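Below is one structure, written out as structure tokens; comments come after it.
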Amino acid sequence: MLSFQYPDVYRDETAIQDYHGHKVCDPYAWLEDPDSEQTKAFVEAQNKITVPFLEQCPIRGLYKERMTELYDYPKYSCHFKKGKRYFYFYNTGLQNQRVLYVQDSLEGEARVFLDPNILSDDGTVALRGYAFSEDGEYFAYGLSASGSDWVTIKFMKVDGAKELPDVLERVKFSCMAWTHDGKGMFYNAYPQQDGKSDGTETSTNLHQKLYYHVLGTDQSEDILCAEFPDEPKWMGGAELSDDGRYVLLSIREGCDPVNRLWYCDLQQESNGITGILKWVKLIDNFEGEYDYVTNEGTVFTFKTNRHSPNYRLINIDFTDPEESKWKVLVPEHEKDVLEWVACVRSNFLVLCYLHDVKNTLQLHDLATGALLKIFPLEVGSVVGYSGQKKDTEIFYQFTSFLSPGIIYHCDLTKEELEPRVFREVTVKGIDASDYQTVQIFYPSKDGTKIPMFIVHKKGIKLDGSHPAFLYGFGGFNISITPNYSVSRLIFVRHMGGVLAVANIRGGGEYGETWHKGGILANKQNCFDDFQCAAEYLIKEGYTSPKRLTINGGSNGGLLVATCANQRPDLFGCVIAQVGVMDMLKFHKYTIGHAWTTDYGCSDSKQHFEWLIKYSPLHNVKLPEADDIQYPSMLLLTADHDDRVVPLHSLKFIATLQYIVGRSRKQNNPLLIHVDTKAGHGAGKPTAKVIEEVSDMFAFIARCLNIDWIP
Ligand SMILES: *C(=O)[C@@H]1CCCN1C(=O)[C@@H]1CCCN1C(=O)OCc1ccccc1
């Protein structure tokens, strides 16, 4: 199998740090500098062995060809109205980036409004955020290059798609909100910093501020509206109330679903937006989340988790703000999570719930909160929606494991609300009726029942002979719901595989309690839950250890890397994408400081004690038993991944190759592929997406010796 030799990698044996009395050696600390000749040489040498390994077996070509054929289907976003026009995103099939279209009426001819594809040869410049002025006549849009979180905001006049001179730099993790007078827009920007700000730097991002840009002026003239100099990690995002009277500021610190909520009655400004606004600190702590839904005068409707982990809707009257006075409009459900809420047609509320990891959609009355209509959906997820307060209709997109998705439309002006299919596309080549999706609940180590979806060809024998692909994330209140994936379906159909997704703790599937069950001191619950999912698939006969592959990205990369260290005997292959591997230093780079709410921080003695036990980089160790080696492992990262700096994967693979790779019993490959002109993943062009999945499945195919099934 292995016809390559791992590259020489210098070990700085003097790199020792004391963590509250615990000495930790970091021999590859030098890989933290992306710009050094040493790090660049390291990346080149790794890619040098990884690429030929992935490209050698013709199965990569077969997969790539089938992926290009099957992924080539029309992809539409929900239509949405702004002013007197309708807009929608659309990709004919294989365009690198989806294009934004505009039409003057639902029946009118559409025309290209904004095509990101012409901004680069390889589709590496992508739209990242946008906002139309209240009247829909002006448009602001963010552009990111090479996958970086950094954004440059540009502007256009909608009538005639005219490019305007306005350009905003140093924008990142930014809100985009126009004042209803159409004069300008609020946005966030970071102070100037030494070195690069292109996605290849590792510099921590602090002191984000809120600015107001007046259309037709230079950015140097922008008004500073809010800043938190004594709290470097605070981030304040603005949004205008539906009536345009109030600017609502949501201040966050970390990744927990909580925020301070301050407001500014624009009518009360002495002379417009001229400097720091007269903020009224309605909710001035980080004890709960308050997500604006709508307001009627001074009565504000918010979605909250304040003493309601499954979320609920409350009305806070700015004129009688005390908590004891808040009205509960839609009480918290016993088990179902209220995911999001939208106000449409003035007095209707669209509520989307997650019931056992499946979405439900319903219409409620704004005044009473009473249920009015249930919008029927098959088992799956609602991944798109449109319908603001002044709109008289809604569009929503549904997807599932076996269906590319349906876009529905409902005219809310009709006495009898009847949702209708507005757009639907089927993928020729994947007959959804040949497969079935089942949801089971398995007990974890502590007995907690964890949901898991399994997708497989109908009528298979549970004899343990099938290759399996198990996916998990487990963290940040993120719910892993059903979604359509051509790449995974090719694994099922053409590689005879079984797909599994485990809804492990740390996610938001069962509200904030589920989230808390997989963070801080309890992070190990995530790893235990996932390992138990693998054991369930094995015990029930869906697969066997040597045929099992586990995959996860970012926090999911951490998930699979830890599982490889803790239970190498349980998996045959592990693909960790853009994963956090150095749990002792993650907080030091870019936006990593925000993740301490889920993981803790090594600066704390108590936290260090939890972290050191599972940190991937610090737990690589040769399996005790002679008959056990590490599973085949592939780490995937990119040079502009400024979300999770690539040094995580670089130090981790150096460690894996040295400690485990050098052992005689280790025959399974331990590799890394670092892509160029790409980042964490958002905005990645179709061409790159195709290459990435082709790499993943070719790796699985080679390592597990799986034959292609025509
Ligand atoms: C991938 O899971 C990485 C590593 C662990 C957390 N994470 C993220 O990307 C998190 C979770 C999804 C969003 N995110 C993030 O850092 O967003 C940036 C941010 C914006 C605003 C406030 C705080 C953070």
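Read in the entry's author numbering, the sequence shown has 539 at position 539, and its numbers run on one by one without any break.
No residue lacks a Cβ here, since even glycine has one placed at the ideal position from N, Cα and C.
Which one of the options has the shortest CA to CA distance from residue i?
| i | options | result |
| --- | --- | --- |
| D115 | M67, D122, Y101 | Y101 |
| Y212 | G272, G518, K445 | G272 |
| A500 | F401, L584, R423 | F401 |
| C225 | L210, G237, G216 | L210 |
| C526 | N555, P545, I538, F87 | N555 |
| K196 | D642, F42, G129 | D642 |
| residue 711 | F173, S36, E512 | Residue 711 is absent from the model: the chain starts at 1 and stops at 710. |
| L215 | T204, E201, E418, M185 | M185 |
| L249 | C255, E231, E227 | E227 |
| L417 | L363, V660, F4 | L363 |
| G83 | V125, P74, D598, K390 | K390 |
| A110 | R85, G93, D121 | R85 |
| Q577 | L584, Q388, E134, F652 | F652 |
| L70 | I223, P58, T448, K428 | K428 |
| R260 | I276, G237, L489 | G237 |
Less than 8 angstroms between C-beta atoms, sequence neighbours within five positions excluded: which residues of the same chain meet that for residue i?
| i | result |
| --- | --- |
| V357 | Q439, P451, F453, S479, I480, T481, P482, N503, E509 |
| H494 | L62, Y63, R66, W708, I709, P710 |
Taking 6 angstroms as the limit between beta carbons, can you name the residues of its chain near residue i, skipping five residues before and five after?
| i | result |
| --- | --- |
| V9 | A654 |
| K64 | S694 |
| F571 | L548, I550, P631 |
| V158 | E137, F139 |
| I575 | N551, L634, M696 |
| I374 | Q362 |
| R423 | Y76, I407 |
Could you tell me which residues DSSP pairs with residue i in its beta bridges?
| i | result |
| --- | --- |
| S250 | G237, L261 |
| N305 | Looking at the DSSP assignment, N305 forms no beta bridge with any residue, so it has no partner. |
| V344 | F348 |
| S649 | Looking at the DSSP assignment, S649 forms no beta bridge with any residue, so it has no partner. |
| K162 | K157 |
| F87 | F80, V102 |
| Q577 | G553, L636 |
| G384 | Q397 |
| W178 | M185 |
| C225 | Answer is none; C225 lacks a bridge partner. |
| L313 | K303, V330 |
| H673 | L636 |
| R420 | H409 |
For my contact list, residue i and residue j are in at a C-beta cut-off of 8 angstroms; report their separation, rounded to the angstrom.
| i | j | result |
| --- | --- | --- |
| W262 | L240 | Not a contact, Cβ separation roughly 14 angstroms. |
| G142 | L164 | Actually they do not touch by this definition, with Cβ atoms about 15 angstroms apart. |
| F300 | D291 | Actually they are not in contact, since the Cβ atoms of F300 and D291 sit about 11 angstroms apart, beyond 8 angstroms. |
| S381 | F395 | At roughly 15 angstroms, the Cβ-Cβ gap does not stay under 8 angstroms, so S381 and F395 are not in contact. |
| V498 | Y542 | 5 angstroms |
| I700 | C573 | 5 angstroms |
| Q208 | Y187 | That pair is no contact at about 11 angstroms. |
| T368 | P404 | About 38 angstroms; that fails the 8 angstroms criterion. |
| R547 | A468 | 6 angstroms |
| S77 | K677 | 25 angstroms between Cβ atoms; not a contact. |
| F530 | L558 | Going by Cβ atoms, the distance from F530 to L558 rounds to 11 angstroms, so no, they are not a contact pair. |
| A41 | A29 | No, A41 and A29 are not in contact; Cβ-Cβ is about 16 angstroms, not under 8 angstroms. |
| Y614 | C532 | Between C532 and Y614 the Cβ distance is about 16 angstroms, and since that is not below 8 angstroms, they are no contact. |
| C343 | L329 | Not really, about 11 angstroms apart at Cβ, beyond 8 angstroms. |
With a threshold of 7 angstroms (Cβ to nearest heavy atom), would residue i be considered close to ligand 1?
| i | result |
| --- | --- |
| residue 712 | Nothing can be reported for residue 712, as the shown portion of the chain is limited to 1 through 710. |
| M235 | yes |
| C255 | yes |
| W514 | no |
| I591 | yes |
| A594 | yes |
| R643 | yes |
| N555 | yes |
| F476 | yes |
| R260 | no |
| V125 | no |
| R505 | no |
| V580 | yes |
| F286 | no |
| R252 | yes |
| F453 | no |
| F173 | yes |
Here's a check: name, in chain order, each residue in its chain whose Cβ is nearer than 7 angstroms to the Cβ of residue i, leaving out the five neighbours to either side.
| i | result |
| --- | --- |
| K458 | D434, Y435, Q436 |
| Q17 | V24, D26 |
| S649 | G579, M581, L635, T637, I672 |
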